[PDB]
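A single chain, nothing else alongside it, follows as structure tokens in the form deposited in one PDB entry.
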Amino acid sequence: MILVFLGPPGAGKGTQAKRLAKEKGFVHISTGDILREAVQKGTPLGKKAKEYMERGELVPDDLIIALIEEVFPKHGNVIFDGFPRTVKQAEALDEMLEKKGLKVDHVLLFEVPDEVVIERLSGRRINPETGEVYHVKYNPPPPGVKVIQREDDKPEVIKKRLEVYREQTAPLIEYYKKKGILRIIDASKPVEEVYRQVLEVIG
């Protein structure tokens, strides 16, 4: 089974993907997590991607396409979390998979309004050593866990990221609808309820 999680920044895609992957054995491919690792390591990819990410812009397609060619699991279940994020990325994914006799089985759209997105992102905090994600209101970190606010979760950068999503990523909703594989979830609900809806799709 190959899944794509699609939706605005802060919709809860990572939160749900991490759980589904552990509980059901999917390989989790988060382009954001992988890119943040590259930046830390200072690889050619990381050094180039950094300033796009800091501005809330997308990293250029060719870099992301190469990244996915390099890490795409040969066999077994996969969740692509935050990839694809452009039409050209989605076209590349389809081509890659077809060469392997595979296809995307379901694309889960995490629907949530802007006001909710903005609250989730402005209260998001991360453990920079593990990538674990918390929320100051909805899931605060316990004692002993040092967390930070991502630079891209600043108010002006959140604004830009939502703009970028609407212009470049939201067209994927129609791209996948027209493949017959889009499934809608209400990602504005609390975490447990979102997860129930995820399980319903993949079942």
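Superpose the two forms; the largest set of C-alphas matching within 1.5 Å is the rigid core. Don't overthink the numbering: it's just position in the shown sequence, from 1.
From this point on, the text means the form deposited in another entry, which you will not see here.
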Legend entry - Rigid-core frame, C-alpha of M96, shift of 2 angstroms or more between the shown form and the other one: no
Legend entry - Core-aligned C-alpha movement of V27 between the shown form and the other one, 2 Å or more: no
Inset, instruction - Take the rigid core as the frame of reference and indicate whether the C-alpha of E174 shifts by 2 Å or more between the shown form and the other one. - result: no
Legend entry - Change in CA distance between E95 and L45 in the other entry, which is 3 Å or more, as closer or farther: closer
Legend entry - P142 and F110, C-alpha gap in the other entry relative to this structure (3 Å or more): farther
